[PDB]
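Asker:
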Amino acid sequence: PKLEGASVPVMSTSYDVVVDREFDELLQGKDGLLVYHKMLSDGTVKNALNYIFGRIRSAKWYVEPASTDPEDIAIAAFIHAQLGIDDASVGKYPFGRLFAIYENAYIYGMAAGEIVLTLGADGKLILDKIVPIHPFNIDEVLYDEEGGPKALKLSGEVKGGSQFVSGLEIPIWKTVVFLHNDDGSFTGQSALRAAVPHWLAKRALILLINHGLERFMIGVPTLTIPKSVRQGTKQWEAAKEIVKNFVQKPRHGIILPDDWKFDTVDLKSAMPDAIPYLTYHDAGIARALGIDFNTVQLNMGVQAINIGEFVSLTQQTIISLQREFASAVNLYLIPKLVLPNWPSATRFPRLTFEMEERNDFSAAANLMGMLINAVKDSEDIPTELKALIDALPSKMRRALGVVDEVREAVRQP
Amino acid sequence: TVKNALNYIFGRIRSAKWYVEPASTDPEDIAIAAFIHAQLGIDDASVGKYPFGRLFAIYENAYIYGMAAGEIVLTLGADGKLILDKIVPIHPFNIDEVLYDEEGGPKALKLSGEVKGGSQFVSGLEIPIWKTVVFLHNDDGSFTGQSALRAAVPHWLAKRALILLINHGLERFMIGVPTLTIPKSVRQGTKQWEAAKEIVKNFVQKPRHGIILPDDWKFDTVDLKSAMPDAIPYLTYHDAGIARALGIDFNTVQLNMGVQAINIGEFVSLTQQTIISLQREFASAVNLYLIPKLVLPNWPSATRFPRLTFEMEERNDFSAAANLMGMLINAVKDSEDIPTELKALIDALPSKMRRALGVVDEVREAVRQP
Amino acid sequence: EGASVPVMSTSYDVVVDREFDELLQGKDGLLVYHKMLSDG
Amino acid sequence: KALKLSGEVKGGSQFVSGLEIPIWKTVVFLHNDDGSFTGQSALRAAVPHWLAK
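Written out as structure tokens, the structure reads:
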């Protein structure tokens with residue numbers, strides 16, 4: 024008596040004017056990718072990405088085992104060594120390449136890498152390299168009859184210009200795929216999508232301000248002459264010179280016959296101060312990414328006392344990005360490193376990170392001191408200490424940090 | 067502003083320190099809860115096993131649109147138990163209707179949409195409720211969900227209309243509206259008419275060009291009679307009102323800028339009351355639709371179920387709670403078995419004191435026994 | 027066996043090898059950045 | 173595989189033209205490599221503000 028499979032296929036997020044999550048024509052195709060690429064040249068976008076991408080990488084990445092069983096510890100230790108998990112999250116070369124690919128998926132909606140294995144020095148199959156696949160070079164995702172992804176179809180120029188590759192198909196099981204903000208249909212979306220209106224408004228507004236500034240700074244010179252003066256006279260040339268010189272040589276000064284009148288246009292108000300409106304839109308670029316402190320004003324001006332709370336609010340956005348990254352690693356990469364070496368493996372180690380929400384360090388370090396004090400008189404302080412830690416209620420245990428049993432197994436010489 | 071608010075709310079929901087509570091302290095309920103803990107991959111960061119994050123994404127669609135669902139697919143696992151294979155997400159754009167029995171209870175979802183990749187159109191596919199997890203947002207008891215964004219619509223519309231009006235206002239006050247008064251002699255298609263149009267055009271486009279006029283032509287800009295009204299506070303009233311309408315109790319547009327309340331943390335605490343309600347709505351669906359589906363095929367006479375739950379995060383009491391934890395450790399430090407004596411003492415504490423320390427997770431302890 | 031996908035250029039439409047802006051392409055681009063070093 | 177180099181030797185003794193050096197003889201630093209082995213100046217996004225200033 025065998026179990027039923029899925030009766031519902033994966034379906035596109037499509038209704039009426041919305042086709043595969045998108046209503047806007049200009050952001051729809053691969054032509055939409057050109058908009059997001061152009062956004063990377065904006066200083067506010069780049070500032071936000073530097074912060075977000077840096078914070079994600081700094082999240083104290085480690086490997087948790089599928090269980091506390093000796094065998095799951097050993098498998099997890101192997102993955103730990105493959106990535107070069109360390110205190111700064113520097114790692115072995117391919118680890119940083121995975122974040123770079125994920126950054127492309129954040130910007131564009133989706134990116135991928137080909138996983139290449141090689142024979143290790145001890146007989147195991149090990150990660151050789153990750154070949155990055157850019158969304159500029161993805162034609163389409165190919166699907167099975169249930170709407171599950173099966174392959175990527177690629178077209179692009181081989182770097183160095185040796186040849187054009189046309190419709191190369193790569194099976195999904197040879198890849199890690201990163202999707203940003205998947206709604207369940209297997210369609211990624213650029214994180215910059217909600218920032219486009221503010222970005223456009225910021226640009227239009229800089230153009231408007233620059234033009235306003237000219238007229239209010241210089242003045243628009245007017246010269247009224249007798250209707251007897253006509254074009255191509257020496258009189259006319261003199262009128263032209265006066266107007267030109269007012270703009271270019273303000274020190275020259277103006278000598279007029281008494282029937283010629285010079286004035287600048289009366290704008291009849293002071294220049295409108297458009298700076299707060301500009302910064303509303305400019306700062307709104309970073310708000311649209313889920314950043315909860317003002318990235319344009321930064322430390323300047325009267326503000327909330329407690330800026331750290333706003334950094335903590337921002338962590339809720341960034342921590343979701345870390346889970347999105349970890350999820351793809353855990354689904355696409357780790358099983359593909361384990362199964363060649365352990366073919367009957369049913370459960371897998373997981374890449375994970377330390378939750379950084381609030382600064383509770385001073386309180387937690389004081390608790391740590393109290394724990395040590397308690398098992399001080401002990402014969403084996405490290406063992407008593409760790410036993411005591413694992414007995415603690417969740418909030419207390421987590422505030423100290425991770426007791427990394429996988430790291431322990433890796434570091435045993 | 068919508069996207070900013072959703073990033074915060076959905077991030078905080080997922081960060082709630084999700085765990086599994088057993089139906090009772092009985093050994094068997096602990097064992098069943100441990101099985102559920104292992105299915106989801108419950109861990110300190112709430113990363114989890116693949117389908118765990120998939121449940122949240124479905125719930126997010128329900129928050130945005132009112133309703134979403136997933137098909138629960140089971141498979142035979144390594145040790146003989148029926149385990150969770152996958153959750154197939156069902157988007158509201160592809161739900162035709164909910165089908166009901168004669169008592170008005172839900173019996174099935176009827177679905178229509180294009181299979182991803184465009185291989186075929188699926189038409190009127192019926193899925194029994196017992197094969198699904200259904201997420202409704204803000205169910206009033208009639209089994210009708212409602213978008214969380216409903217009360218934000220008027221502010222969102224107002225914000226958009228105001229940006230347009232401000233943009234329009236800014237041009238006339240920035241540039242000016244040029245006027246040129248000329249003799250009634252001048253007619254269209256004169257050299258003179260061309261020069262008139264050029265003056266007006268160049269005033270807009272080339273203010274440095276300057277203007278030479280016969281003494282019977284007068285140039286001016288329109289007198290607007292006063293300075294441009296400052297519409298920014300009204301705009302931000304409506305804009306920030308979008309996030310207010312979701313139950314966020316700090317200003318998401320101004321953020322850290324401007325003179326403010328000293329205690330921003332209190333407003334983050336107020337906001338938690340909204341977000342904690344969303345966590346219970348999510349937990350409720352998992353506890354009703356998913357957990358019993360995973361338990362019953364393995365324990366067919368199970369009458370009581372483990373529950374997905376979370377740590378209440380309302381206030382920051384950590385310094386005081388950590389100090390209490392130290393006082394407790396110090397009182398049992400002379401014990402031959404500090405771990406056992408500590409947990410015994412913690413369970414005996416009055417409720418406020420006990421909860422502030424965190425969860426003594428006996429399901430986790432069972433799971434971690436090698 | 028090794029890779030079945032080559033490393034490809036980040037090119038599509040007016041974007042050639044990551045750049046759309048003529049004035050910042052090639053070694054002429056490097057002159058702009060060099061000039062920027064004399065800004066305080 | 174290689175860098176192809178051209179420039180004047182410091183002191184002006186000769187012009188070097190199309191000299192090829194294999195990558196295994198070098199350390200290469202790229203800034204903000206997107207996976208294509210193309211670096212990009214950190215100053216790219218600062219250009220509009222610099223011009224405006």
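Protein sequence lines, in the order shown, are assigned to chains Z, L, W and B. One rule links them: number in the authors' numbering = place in the first sequence (from 1) + 23. One rule links them: number in the authors' numbering = place in the second sequence (from 1) + 66. One rule links them: number in the authors' numbering = place in the third sequence (from 1) + 26. One rule links them: number in the authors' numbering = place in the fourth sequence (from 1) + 172. Where is the CB? At the ideal position from N, CA and C, for every residue including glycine.
Does residue 512 of chain Z come within less than 9 Å of chain L when only Cβ atoms are used?
Answerer: The question about residue 512 of chain Z has no answer here: the residues shown for chain Z are numbered 24 through 436.
Asker: Rounded to whole angstroms, what's the CA-CA distance from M62 of chain Z to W222 of chain Z? Just pull it up for me.
Answerer: Counting from 1 along the first sequence, the entry for residue 62 of chain Z is found at position 39. Counting from 1 along the first sequence, the entry for residue 222 of chain Z is found at position 199. Near 8 Å, if we compare the C-alpha coordinates of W222 of chain Z and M62 of chain Z.
Asker: Could you tell me which chain W residues have their CB closer than 7 Å to the CB of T210 of chain B, listed as they occur along the chain?
Answerer: If you number the fourth sequence from 1, residue 210 of chain B lands on position 38. Ordered by position in chain W, the residues that pass the 7 Å Cβ test against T210 of chain B are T36, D43, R44.
Asker: Write down every uninterrupted run of the beta strand (DSSP E) in the stretch 207-265 of chain L whose length is 3 residues or greater and which is fully enclosed by it, in chain order.
Answerer: 244-247, all fully within the stretch 207-265 of chain L.
Asker: Near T247 of chain Z, which residues of its chain fall below 6 Å by C-beta distance, leaving aside the five closest residues on each side in sequence?
Answerer: Within the first sequence, the letter at position 224 stands for residue 247 of chain Z. Excluding sequence neighbours, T247 of chain Z sits near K284.
Asker: For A100 of chain L, write down the residues that DSSP places opposite it in a beta bridge.
Answerer: For the purposes of this step, residue 100 of chain L is taken as the residue at position 34 of the second sequence. Paired residues: none, contrary to the question.
Asker: Tell me the rounded alpha-carbon separation between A309 of chain Z and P220 of chain Z.
Answerer: By 1-based counting over the first sequence, the position of residue 309 of chain Z is 286. By 1-based counting over the first sequence, the position of residue 220 of chain Z is 197. Their Cα atoms are separated by approximately 12 Å.
Asker: Would you call the CB atoms of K83 of chain Z and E431 of chain Z closer than 9 Å?
Answerer: The residue labelled residue 83 of chain Z in the question sits at position 60 within the first sequence. The residue labelled residue 431 of chain Z in the question sits at position 408 within the first sequence. Going by C-beta atoms, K83 of chain Z is not nearer than 9 Å to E431 of chain Z.
Asker: Give a yes or no on whether the C-beta atoms belonging to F76 of chain Z and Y116 of chain Z are separated by under 9 Å.
Answerer: Along the first sequence, read from residue 1 onward, the residue named residue 76 of chain Z stands at position 53. Along the first sequence, read from residue 1 onward, the residue named residue 116 of chain Z stands at position 93. No, the pair does not count as a contact, with Cβ atoms beyond the cut-off.
Asker: Should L215 of chain B be flagged as near chain W, meaning a C-beta pair shorter than 9 Å?
Answerer: As a first step, residue 215 of chain B must be located in the fourth sequence, where it is residue number 43. It does: the Cβ of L215 of chain B has a partner Cβ on chain W nearer than 9 Å.
Asker: Among the residues of its own chain, which have a CB less than 6 Å from the CB of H304 of chain L, if the five just before and after it don't count?
Answerer: As a first step, residue 304 of chain L must be located in the second sequence, where it is residue number 238. Result list for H304 of chain L: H221, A224, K225, in chain order.
Asker: Within 9 Å (strictly less), CB to CB, does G55 of chain W reach chain Z?
Answerer: Along the third sequence, read from residue 1 onward, the residue named residue 55 of chain W stands at position 29. By this cut-off, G55 of chain W is not an interface position.
Asker: Once the 5 residues before and after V199 of chain L are set aside, which same chain residues still bring their CB inside 8 Å of it?
Answerer: On the second sequence, residue 199 of chain L is found 133 positions in, with the first residue counted as 1. Closer than 8 Å at the Cβ level, and outside the excluded window around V199 of chain L, lie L121, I124, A135, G136, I138, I153, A351, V352, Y355, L356.
Asker: Would residue 41 of chain L and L394 of chain Z qualify as a contact pair, given that the criterion is a beta-carbon distance under 9 Å?
Answerer: The structure shown has nothing for residue 41 of chain L, since chain L only spans 67 to 436.
Asker: Would you say the stretch 152-171 of chain Z touches the stretch 33-40 of chain W, given that touching needs at least three Cβ pairs under 8 Å?
Answerer: Yes: the two stretches touch, three or more of their Cβ pairs being nearer than 8 Å.
Asker: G28 of chain W touches chain Z at which residues, Cβ-Cβ below 9 Å?
Answerer: Here residue 28 of chain W corresponds to residue number 2 of the third sequence, with the count starting at 1. Going along chain Z in sequence order, the residues near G28 of chain W (Cβ under 9 Å) are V139, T141, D151, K152.
Asker: Quick one: grab the DSSP three-state call for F371 of chain L.
Answerer: Counting from 1 along the second sequence, the entry for residue 371 of chain L is found at position 305. In the structure shown, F371 of chain L sits in coil (DSSP, three-state: anything other than H, G, I, E or B).
Asker: Can you pull the chain Z neighbours of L202 of chain L, defined as C-beta to C-beta under 7 Å?
Answerer: Along the second sequence, read from residue 1 onward, the residue named residue 202 of chain L stands at position 136. The premise fails here: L202 of chain L is roughly 17 Å from chain Z at the closest Cβ pair, so nothing lies under 7 Å.
Asker: Run through DSSP, which three-state label would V319 of chain Z get?
Answerer: Counting from one through the first sequence, the residue named residue 319 of chain Z turns up at place 296. If DSSP states are grouped into helix, strand and coil, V319 of chain Z belongs with coil.
Asker: Note down, in chain order, every chain Z residue with its Cβ under 9 Å from the Cβ of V33 of chain W.
Answerer: Here the question's residue 33 of chain W lines up with position 7 in the third sequence. Under the 9 Å cutoff, chain Z gives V154, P155, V181, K182, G183.
Asker: Pick from Z:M391, Z:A144, Z:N127: whose alpha carbon is nearest that of residue 443 of chain Z?
Answerer: Residue 443 of chain Z falls outside the range modelled here, since chain Z spans only 24 to 436, and no answer is possible.
Asker: Where does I314 of chain Z sit, in a helix, a strand or coil, going by DSSP?
Answerer: Counting from one through the first sequence, the residue named residue 314 of chain Z turns up at place 291. It is coil, neither helix nor strand.
Asker: Check this for me: beta carbons of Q435 of chain L and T91 of chain Z, under 9 Å apart or not?
Answerer: Within the second sequence, numbered from 1, the residue matching residue 435 of chain L stands at position 369. Within the first sequence, numbered from 1, the residue matching residue 91 of chain Z stands at position 68. Yes, they are a contact pair.
Asker: So, with DSSP's three-state summary, where would you put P93 of chain Z?
Answerer: Along the first sequence, read from residue 1 onward, the residue named residue 93 of chain Z stands at position 70. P93 of chain Z: helix per DSSP, three-state reduction.
Asker: Anything in the stretch 374-392 of chain L with a Cβ closer than 8 Å to a Cβ of chain Z? List those residues in chain order, please.
Answerer: Within the stretch 374-392 of chain L, the qualifying residues are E377, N382, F384, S385, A387, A388, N389, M391, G392.
Asker: Among residues of its own chain, excluding the 5 on either side of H103 of chain L, which ones have a beta-carbon nearer than 6 Å to its beta-carbon?
Answerer: Reading the second sequence from its first residue, position 37 is the one you call residue 103 of chain L. Taken in chain order, the residues that qualify are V86, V429, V433.
Asker: Quick one: grab the DSSP three-state call for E163 of chain Z.
Answerer: The residue labelled residue 163 of chain Z in the question sits at position 140 within the first sequence. Reduced to three states, the DSSP call for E163 of chain Z is strand.
Asker: Is it buried or exposed for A327 of chain L, if we count other Cβ within 10 angstroms and need 16 for buried?
Answerer: As a working note, residue 327 of chain L is residue 261 in the second sequence. Looking at its Cβ environment, which holds fewer than 16 other Cβ atoms inside 10 Å, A327 of chain L is exposed.
Asker: For the beta strand (DSSP E) containing residue 438 of chain Z, name the first residue and the last one.
Answerer: In this structure chain Z extends from 24 to 436, so residue 438 of chain Z is not present and cannot be described.
Asker: Is the beta carbon of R238 of chain Z sitting closer than 9 Å to the one on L290 of chain Z?
Answerer: Here the question's residue 238 of chain Z lines up with position 215 in the first sequence. Here the question's residue 290 of chain Z lines up with position 267 in the first sequence. Cβ atoms of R238 of chain Z and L290 of chain Z: closer than 9 Å.
Asker: Which of the residues in the stretch 66-79 of chain Z, read from start to end, lie with their CB under 7 Å from any CB of chain B?
Answerer: The residues in question are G66, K69.
Asker: With 16 other CB atoms within 10 Å as the buried threshold, where does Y38 of chain Z fall?
Answerer: As a first step, residue 38 of chain Z is located in the first sequence; it is residue number 15 there, counting from the start. Per the 10 Å Cβ criterion, exposed.
Asker: Can you round the beta-carbon distance between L423 of chain L and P416 of chain Z to whole angstroms, since I take them to be within the 8 Å contact cut?
Answerer: As a first step, residue 423 of chain L must be located in the second sequence, where it is residue number 357. As a first step, residue 416 of chain Z must be located in the first sequence, where it is residue number 393. With 8 Å as the limit, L423 of chain L and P416 of chain Z qualify as a contact, their Cβ atoms being about 4 Å apart.
Asker: Residues of chain D with CB under 8 Å from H234 of chain Z, in chain order?
Answerer: The structure shown contains no chain D; its protein chains are Z, L, W and B.
Asker: By the three-class DSSP mapping on this structure, what secondary structure does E379 of chain L have?
Answerer: As a first step, residue 379 of chain L must be located in the second sequence, where it is residue number 313. Reduced to three states, the DSSP call for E379 of chain L is coil.
Asker: Based on the DSSP secondary-structure assignment, which residues constitute the bridge partners of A174 of chain Z?
Answerer: Here the question's residue 174 of chain Z lines up with position 151 in the first sequence. DSSP, once it has assigned bridges, lists Z:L165, Z:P194 as partnering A174 of chain Z.
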